[PDB]
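Asker: PDB entry and its sequence, pasted below:
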Amino acid sequence: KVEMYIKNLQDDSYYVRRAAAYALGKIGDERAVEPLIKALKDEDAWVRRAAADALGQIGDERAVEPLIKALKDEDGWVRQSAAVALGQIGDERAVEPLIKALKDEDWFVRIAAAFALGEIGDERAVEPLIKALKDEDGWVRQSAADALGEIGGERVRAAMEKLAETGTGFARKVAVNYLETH
Amino acid sequence: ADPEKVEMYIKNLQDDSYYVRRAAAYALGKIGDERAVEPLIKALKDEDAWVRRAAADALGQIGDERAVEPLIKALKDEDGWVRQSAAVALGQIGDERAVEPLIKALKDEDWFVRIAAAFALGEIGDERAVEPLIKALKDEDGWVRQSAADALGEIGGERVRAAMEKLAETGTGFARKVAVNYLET
């Protein structure tokens, strides 16, 4: 029963809270939303990440600001799942925090931020995602390219024309392909 | 990803630009049209790690048995993240031929692969994973420790209960914590 789990989320055994979190997500009702938001502050990083992940699957906008704060979690993997969850939700309040996350320490979270930014589809990400095309990590470059395509639209096309004309390297290839394929 | 472009994407799996091959593999995964099965299997051999991974992930989603032997080979990829997707994919497909290879992936040098292998083994539910997973409770990584417990959970049954009984008696650390909890519940 979700209220058992909702209560389990406070158990002394991190092993039990871990199980609660993962569960409240697979079978998530709105009842689970507020408890899970509290679990984003759990001592155990696993619990945090399972909570971020659940809340994304639930889709309730109440989690938006609490997740935005998790984009600053000590653990890179929970930041990763926060970014993804924000993407899923996907409230436009996440946009600017997610754009800041494009410069995260961990490549795997920069990928998540680009992906989320693309899912949300707010053109504010266009310029930051273009800069992300010159990221030191080749897989986040890739994820920045994919996100731009997911966003689509006039500002992206315009930004791509710019790059096709005077840009270079991966960015140029991305832009030439973009307008080739539209 | 445009469902009406499958044939284009398939062609694109052989494009000169890794960028176009990546895009193609990823698209066929979202689609996900059974026509892409043998071409995605071919993409498991691409020079580019991103496209191999994209390919492994796509094959798992489609669920075609043909992808099993090739994904098994992919568990020996030099890139840990394609190994991870290969493991995940093999769990999704559920074909029992993956059980022994996934058992050996329990000892992968990369923690995130061990986690994927543990999870797949629990999804397949084959009981030869019980003792390997029990040993995995002693993994140096706390997260792969966790995934082996969850996996043993999903497998359940008499053999697992039996092994849990023993750990409650003589086990130590997290493995002990897990067994006594398995009993309590």
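Answerer: Yep, it's here. Numbering: from 1, shown residues only, chains lettered A, B, ... in the order given.

Asker: alpha carbons only for contacts and neighbour counts from here, please
Answerer: Will do.

Asker: list the contacts of residue A:14.
Answerer: Residue A:14 makes contact with A:44, A:47, according to CA atoms under 8 Å, 6 or more residues apart in numbering or on different chains.

Asker: tell me which stretches of chain A form helices.
Answerer: Per DSSP state H, chain A carries helices over the ranges A:2-8, A:14-26, A:33-39, A:45-58, A:64-70, A:76-89, A:95-101, A:107-120, A:126-131, A:138-151, A:153-166, A:169-180.

Asker: neighbours of the nearest residue to residue A:151 once chain neighbours are set aside, just the number please.
Answerer: In this structure, residue A:151 finds its nearest non-sequential neighbour in residue A:121, 4.8 Å apart by CA to CA, 6 or more residues apart in numbering or on different chains. Other residues within reach of residue A:121, judged by other CA atoms under 10 Å in any protein chain shown, total 21.

Asker: phi and psi next, for residue A:121.
Answerer: Here is the backbone geometry of residue A:121 (degrees, to the nearest 10): phi 80, psi 30.

Asker: same check on residue A:12?
Answerer: Listed backbone geometry of residue A:12 is phi -60, psi -30, with angles given as degrees, to the nearest 10.

Asker: neighbours of it, how many?
Answerer: Applying other CA under 10 Å, I find that residue A:12 has 9 neighbouring residues.

Asker: quick one, what contacts it?
Answerer: Under the criterion of CA under 8 Å, 6+ apart, residue A:12 has no neighbours.

Asker: which parts of chain A sit against chain B?
Answerer: Residues of chain A lying close to chain B (CA under 8 Å from any CA of the partner chain) are A:15, A:46, A:139, A:142, A:146, A:174.

Asker: show me the contacts for the closest residue to the last one other than its chain neighbours.
Answerer: Closest residue to residue A:174 in three dimensions, ignoring its sequence neighbours and counting by CA to CA, 6+ apart: residue A:145, at 6.6 Å. The neighbours of residue A:145, taking CA under 8 Å, 6+ apart as the test, are A:129, A:130, A:133, A:174.

Asker: just the closest of these to chain B, please.
Answerer: Nearest to chain B, judged by CA to the nearest CA, of those is residue A:174 at 7.8 Å.
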